[PDB]
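Participant: As input, take work-v8.cif (mmCIF, C-alpha atoms and all ligand atoms):
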```cif
data_model
#
loop_
_atom_site.label_atom_id
_atom_site.label_comp_id
_atom_site.auth_asym_id
_atom_site.auth_seq_id
_atom_site.Cartn_x
_atom_site.Cartn_y
_atom_site.Cartn_z
CA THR A 487 -2.97 -16.77 -6.26
CA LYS A 488 -4.57 -17.90 -9.51
CA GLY A 489 -3.19 -16.31 -12.67
CA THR A 490 -5.65 -13.62 -13.63
CA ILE A 491 -4.11 -10.32 -14.67
CA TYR A 492 -5.39 -6.76 -14.47
CA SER A 493 -4.60 -3.56 -16.36
CA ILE A 494 -4.28 -0.12 -14.75
CA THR A 495 -6.02 2.55 -16.78
CA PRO A 496 -5.40 6.19 -15.78
CA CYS A 497 -8.31 7.99 -14.19
CA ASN A 498 -8.58 11.15 -16.32
CA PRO A 499 -7.26 10.99 -19.88
CA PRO A 500 -7.13 14.37 -21.63
CA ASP A 501 -10.23 15.48 -23.51
CA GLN A 502 -10.34 17.66 -26.62
CA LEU A 503 -12.85 20.50 -26.65
CA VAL A 504 -13.83 23.21 -29.11
CA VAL A 505 -14.78 26.85 -28.60
CA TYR A 506 -16.43 29.35 -30.92
CA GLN A 507 -17.60 32.93 -30.41
CA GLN A 508 -16.25 32.89 -26.86
CA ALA A 509 -18.40 29.94 -25.84
CA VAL A 510 -17.65 26.25 -25.75
CA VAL A 511 -19.41 24.03 -28.27
CA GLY A 512 -18.97 20.37 -29.10
CA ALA A 513 -16.38 18.00 -27.67
CA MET A 514 -14.09 15.12 -28.70
CA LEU A 515 -14.03 12.46 -26.00
CA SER A 516 -13.10 8.85 -25.30
CA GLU A 517 -16.11 7.50 -23.38
CA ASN A 518 -19.60 6.77 -24.72
CA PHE A 519 -21.15 9.16 -22.24
CA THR A 520 -22.41 12.74 -22.06
CA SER A 521 -19.96 14.28 -19.62
CA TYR A 522 -21.13 17.85 -20.13
CA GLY A 523 -24.61 19.18 -20.64
CA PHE A 524 -24.44 18.19 -24.30
CA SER A 525 -27.54 16.29 -25.40
CA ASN A 526 -25.94 13.96 -27.95
CA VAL A 527 -22.81 11.82 -28.15
CA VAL A 528 -22.44 10.78 -31.79
CA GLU A 529 -20.08 7.80 -32.04
CA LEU A 530 -17.56 8.40 -34.82
CA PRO A 531 -14.55 6.52 -36.15
CA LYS A 532 -11.49 6.84 -33.94
CA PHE A 533 -13.44 8.93 -31.39
CA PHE A 534 -16.69 9.97 -29.77
CA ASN B 147 -1.42 -30.52 1.28
CA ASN B 148 -3.57 -31.17 4.33
CA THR B 149 -4.81 -28.35 6.56
CA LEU B 150 -2.83 -29.57 9.59
CA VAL B 151 0.62 -28.02 9.93
CA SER B 152 2.11 -31.50 9.88
CA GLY B 153 -0.36 -32.34 7.11
CA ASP B 154 0.76 -35.07 4.72
CA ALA B 155 4.38 -36.08 4.13
CA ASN B 165 -5.92 -25.53 2.05
CA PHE B 166 -2.18 -26.08 1.52
CA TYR B 167 0.43 -24.91 4.02
CA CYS B 168 4.14 -24.82 3.24
CA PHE B 169 6.80 -24.33 5.92
CA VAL B 170 10.50 -23.90 5.21
CA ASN B 171 12.60 -24.40 8.35
CA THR B 172 16.28 -23.44 8.53
CA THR B 173 18.54 -24.71 11.31
CA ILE B 174 22.02 -23.34 12.05
CA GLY B 175 24.28 -25.52 14.18
CA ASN B 176 22.23 -27.06 16.97
CA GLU B 177 19.53 -24.35 16.79
CA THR B 178 16.40 -25.05 14.75
CA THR B 179 14.25 -22.20 13.43
CA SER B 180 10.91 -22.06 11.63
CA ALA B 181 10.13 -19.85 8.63
CA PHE B 182 6.92 -18.90 6.82
CA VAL B 183 6.31 -19.71 3.15
CA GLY B 184 3.44 -17.26 2.83
CA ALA B 185 2.26 -17.16 -0.78
CA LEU B 186 2.10 -20.52 -2.53
CA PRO B 187 2.14 -20.78 -6.34
CA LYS B 188 -0.72 -22.55 -8.08
CA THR B 189 1.71 -24.11 -10.57
CA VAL B 190 5.47 -23.77 -11.06
CA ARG B 191 6.94 -24.72 -14.41
CA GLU B 192 10.61 -23.91 -13.75
CA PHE B 193 13.03 -23.65 -10.82
CA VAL B 194 16.27 -21.63 -10.54
CA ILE B 195 19.01 -21.51 -7.87
CA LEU C 293 3.68 -10.77 -1.99
CA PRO C 294 2.06 -13.07 0.62
CA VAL C 295 4.55 -13.93 3.36
CA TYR C 296 3.40 -14.73 6.90
CA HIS C 297 4.04 -11.45 8.69
CA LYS C 298 6.59 -11.42 11.53
CA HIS C 299 6.40 -8.03 13.19
CA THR C 300 8.80 -5.56 14.78
CA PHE C 301 7.48 -2.61 16.83
CA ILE C 302 9.68 0.47 17.30
CA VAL C 303 8.06 2.88 19.79
CA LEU C 304 9.48 5.94 21.59
CA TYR C 305 8.40 7.53 24.87
CA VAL C 306 8.97 11.28 24.84
CA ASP C 307 7.68 12.58 28.19
CA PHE C 308 8.45 16.31 28.16
CA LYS C 309 6.31 17.08 31.27
CA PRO C 310 7.75 20.47 32.33
CA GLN C 311 6.46 22.60 35.19
CA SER C 312 4.21 24.62 32.87
CA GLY C 313 6.96 26.84 31.44
CA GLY C 314 4.92 30.03 31.20
CA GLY C 315 6.27 31.55 34.40
CA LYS C 316 9.99 31.48 33.63
CA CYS C 317 10.76 29.47 30.47
CA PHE C 318 9.35 26.69 28.32
CA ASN C 319 12.41 26.20 26.09
CA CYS C 320 14.65 25.64 29.15
CA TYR C 321 13.99 21.86 29.00
CA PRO C 322 12.64 21.48 32.57
CA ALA C 323 11.69 17.86 33.44
CA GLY C 324 12.35 17.48 29.74
CA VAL C 325 14.69 14.54 30.58
CA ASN C 326 14.24 10.84 29.79
CA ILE C 327 12.76 10.15 26.36
CA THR C 328 13.72 6.62 25.39
CA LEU C 329 12.63 3.42 23.71
CA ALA C 330 13.14 -0.10 25.02
CA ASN C 331 15.68 -1.63 22.63
CA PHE C 332 18.80 -0.01 24.02
CA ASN C 333 21.52 -2.48 24.93
CA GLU C 334 24.02 -2.23 27.75
CA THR C 335 26.62 -2.73 25.00
CA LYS C 336 24.41 -0.35 22.99
CA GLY C 337 25.23 -1.76 19.60
CA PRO C 338 23.09 -0.03 16.97
CA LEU C 339 19.70 -1.72 16.84
CA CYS C 340 18.93 -2.83 13.28
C1 LIG D 1 -27.09 22.21 -23.62
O1 LIG D 1 -28.28 21.44 -23.52
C2 LIG D 1 -28.89 21.50 -22.22
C3 LIG D 1 -30.08 20.58 -22.27
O2 LIG D 1 -30.08 19.79 -23.45
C4 LIG D 1 -29.25 22.94 -21.88
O3 LIG D 1 -29.75 22.99 -20.55
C5 LIG D 1 -30.61 23.81 -19.87
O4 LIG D 1 -29.75 24.82 -19.32
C6 LIG D 1 -30.38 25.67 -18.35
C7 LIG D 1 -29.33 26.65 -17.89
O5 LIG D 1 -28.40 26.04 -17.01
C8 LIG D 1 -30.97 24.85 -17.21
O6 LIG D 1 -31.72 25.71 -16.35
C9 LIG D 1 -31.88 23.76 -17.76
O7 LIG D 1 -32.35 22.93 -16.70
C10 LIG D 1 -31.10 22.91 -18.75
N1 LIG D 1 -31.93 21.84 -19.27
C11 LIG D 1 -31.66 20.55 -19.08
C12 LIG D 1 -32.62 19.57 -19.68
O8 LIG D 1 -30.67 20.19 -18.45
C13 LIG D 1 -28.02 23.83 -22.01
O9 LIG D 1 -28.39 25.19 -21.80
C14 LIG D 1 -27.43 23.67 -23.39
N2 LIG D 1 -26.25 24.51 -23.54
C15 LIG D 1 -25.73 24.83 -24.73
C16 LIG D 1 -24.52 25.71 -24.69
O10 LIG D 1 -26.21 24.42 -25.78
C1 LIG D 2 -23.23 3.95 -26.66
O1 LIG D 2 -24.30 4.63 -26.01
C2 LIG D 2 -25.56 4.45 -26.69
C3 LIG D 2 -26.56 5.32 -25.98
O2 LIG D 2 -27.87 4.78 -26.08
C4 LIG D 2 -25.94 2.98 -26.68
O3 LIG D 2 -27.16 2.80 -27.40
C5 LIG D 2 -24.84 2.15 -27.32
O4 LIG D 2 -25.13 0.77 -27.19
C6 LIG D 2 -23.50 2.45 -26.65
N1 LIG D 2 -22.42 1.72 -27.30
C7 LIG D 2 -21.38 1.22 -26.62
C8 LIG D 2 -20.36 0.50 -27.44
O5 LIG D 2 -21.27 1.36 -25.41
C1 LIG D 3 9.98 -27.27 11.12
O1 LIG D 3 10.86 -27.12 12.23
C2 LIG D 3 10.50 -27.97 13.33
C3 LIG D 3 11.42 -27.60 14.47
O2 LIG D 3 12.78 -27.71 14.10
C4 LIG D 3 10.65 -29.42 12.89
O3 LIG D 3 10.19 -30.24 13.97
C5 LIG D 3 9.79 -29.70 11.66
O4 LIG D 3 10.04 -31.01 11.18
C6 LIG D 3 10.08 -28.69 10.56
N1 LIG D 3 9.17 -28.87 9.44
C7 LIG D 3 9.50 -29.49 8.31
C8 LIG D 3 10.90 -30.01 8.23
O5 LIG D 3 8.70 -29.63 7.39
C1 LIG D 4 11.72 7.64 30.98
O1 LIG D 4 11.49 8.85 31.69
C2 LIG D 4 10.23 8.93 32.37
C3 LIG D 4 10.23 10.25 33.11
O2 LIG D 4 11.55 10.72 33.30
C4 LIG D 4 10.01 7.73 33.30
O3 LIG D 4 8.66 7.72 33.76
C5 LIG D 4 10.32 6.40 32.61
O4 LIG D 4 10.31 5.34 33.56
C6 LIG D 4 11.69 6.48 31.96
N1 LIG D 4 12.02 5.22 31.31
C7 LIG D 4 11.29 4.64 30.35
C8 LIG D 4 11.81 3.34 29.82
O5 LIG D 4 10.26 5.15 29.91
#
```
Spell out the structure here as structure tokens.
Ligand SMILES: *[C@@H]1O[C@H](CO)[C@@H](O[C@@H]2O[C@H](CO)[C@@H](O)[C@H](O)[C@H]2NC(C)=O)[C@H](O)[C@H]1NC(C)=O
Ligand SMILES: *[C@@H]1O[C@H](CO)[C@@H](O)[C@H](O)[C@H]1NC(C)=O
Ligand SMILES: *[C@@H]1O[C@H](CO)[C@@H](O)[C@H](O)[C@H]1NC(C)=O
Ligand SMILES: *[C@@H]1O[C@H](CO)[C@@H](O)[C@H](O)[C@H]1NC(C)=O
Facilitator:
Amino acid sequence: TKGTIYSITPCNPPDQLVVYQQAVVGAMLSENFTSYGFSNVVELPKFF
Amino acid sequence: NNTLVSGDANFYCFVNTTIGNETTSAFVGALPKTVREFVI
Amino acid sequence: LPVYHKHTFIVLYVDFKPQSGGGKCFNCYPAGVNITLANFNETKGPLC
């Protein structure tokens, strides 16, 4: 119709998580959001 | 350009192809906003 | 791509309608007969 263009991002990109002493702790993500019950999402270079 | 199917000699484009003595009507459908090049 | 839709409907009329089939046989194809779709030609050239 007009000329606008749209990208198609995938729904669920893989997330990197960490475990220690047989429990999960911390998580490397891509979105500035607290997906799990973690109380803080420290923005860091190249990742959250 | 005009809304009416006949319009002027909302934009409606009709391509009609006739074989022999039979005349047929075809539907343009999508119409480009601007065309910079044409190939055939 | 927008093109003013010109339709074609292909429909088929299976009418198995047997006389129950639990008393003698269901897989015996009773009153199984005509199942057809209007598009057949007397010449019966394949309908594409
Ligand atoms: C992570 O933090 C959350 C809250 O910051 C902890 O949540 C509590 O967990 C219990 C057990 O499910 C719930 O009954 C409470 O309602 C939660 N509180 C809130 C505010 O949601 C959670 O236990 C922490 N987990 C770890 C592993 O640190
Ligand atoms: C990330 O989330 C925090 C949460 O408060 C917000 O303050 C910040 O503006 C967000 N940044 C981006 C780039 O979304
Ligand atoms: C479309 O076809 C009809 C019937 O042949 C014809 O009258 C009409 O002029 C055609 N439209 C054109 C050429 O734009
Ligand atoms: C097909 O068969 C059924 C039952 O035999 C009948 O009602 C119908 O008229 C037949 N023909 C068509 C075109 O459905």
Participant: Any idea what's packed within 8 Å of segment 325-327 of chain C, counting all atoms listed in the file, ignoring anything in its chain fewer than 4 positions away? Could you give it as a ChimeraX atom specification?
Facilitator: /C:304-308,321
Participant: Around ligand LIG 2 (chain D), at most 12 Å away and counting all atoms listed in the file, which residues are there? Put them as a PyMOL selection string, please.
Facilitator: chain A and resi 516-520+525-530+533-534
Participant: Can you build me a table of chain B residues sitting at most 9 Å from ligand LIG 3 (chain D), with the closest atom pair per residue and its distance in Å to one decimal, using all atoms listed in the file, sorted by chain and residue number, as CSV?
Facilitator:
```
residue,atom,partner,partner_atom,distance
B:151,CA,D:LIG3,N1,8.6
B:152,CA,D:LIG3,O5,7.3
B:155,CA,D:LIG3,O5,8.4
B:168,CA,D:LIG3,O5,7.8
B:169,CA,D:LIG3,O5,5.8
B:170,CA,D:LIG3,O5,6.4
B:171,CA,D:LIG3,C1,4.8
B:172,CA,D:LIG3,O1,7.5
B:173,CA,D:LIG3,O2,7.1
B:177,CA,D:LIG3,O2,8.0
B:178,CA,D:LIG3,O2,4.5
B:179,CA,D:LIG3,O2,5.7
B:180,CA,D:LIG3,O1,5.1
B:181,CA,D:LIG3,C1,7.8
```
Participant: Would you compute the distance between atom CA of residue 532 of chain A and atom CA of residue 500 of chain A? Give it in Å to one decimal.
Facilitator: 15.1 Å
Participant: Can you work out which residues from chain A touch chain B at a cut-off of 12 Å (counting only C-alpha atoms) and hand them back as a list in words?
Facilitator: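 Therefore, the residues near the partner are residues 487, 488, 489 and 490 of chain A.
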Participant: Within 10 Å of ligand LIG 1 (chain D), counting all atoms listed in the file: which residues, as a list in words?
Facilitator: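 If we count all atoms listed in the file, the neighbours of ligand LIG 1 (chain D) turn out to be residues 509, 510, 511, 512, 522, 523, 524, 525 and 526 of chain A.
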Participant: Using all atoms listed in the file, which of C:320, C:303, C:329, C:293 sits nearest ligand LIG 4 (chain D)?
Facilitator: C:329
Participant: Take atom CA of residue 184 of chain B and atom CA of residue 298 of chain C and report the distance between them in Å, one decimal.
Facilitator: 10.9 Å
Participant: Might I get the box with edges along x, y and z of the file that holds all atoms of segment 294-311 of chain C listed there, padded by 5 Å on every side, given as centre and edge lengths in Å to one decimal, as AutoDock Vina command-line options?
Facilitator:
```
--center_x 5.9 --center_y 3.9 --center_z 17.9 --size_x 17.6 --size_y 47.3 --size_z 44.6
```
Participant: Out of C:294, C:324, C:337, C:313, which residue has the shortest atom-to-atom distance to ligand LIG 4 (chain D) when counting all atoms listed in the file?
Facilitator: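 Nearest to ligand LIG 4 (chain D): C:324.
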Participant: Using only C-alpha atoms, which residues sit within 6 Å of residue 148 of chain B once same-chain residues fewer than 3 positions away are excluded, as a PDB file with C-alpha atoms, in the coordinates of the input?
Facilitator:
```
ATOM      1  CA  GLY B 153      -0.360 -32.340   7.110  1.00  0.00           C
ATOM      2  CA  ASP B 154       0.760 -35.070   4.720  1.00  0.00           C
ATOM      3  CA  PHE B 166      -2.180 -26.080   1.520  1.00  0.00           C
TER       4      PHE B 166
END
```
Participant: What is the distance, in Å and to one decimal place, between atom CA of residue 194 of chain B and atom CA of residue 491 of chain A?
Facilitator: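 Between these atoms lies a distance of 23.7 Å.
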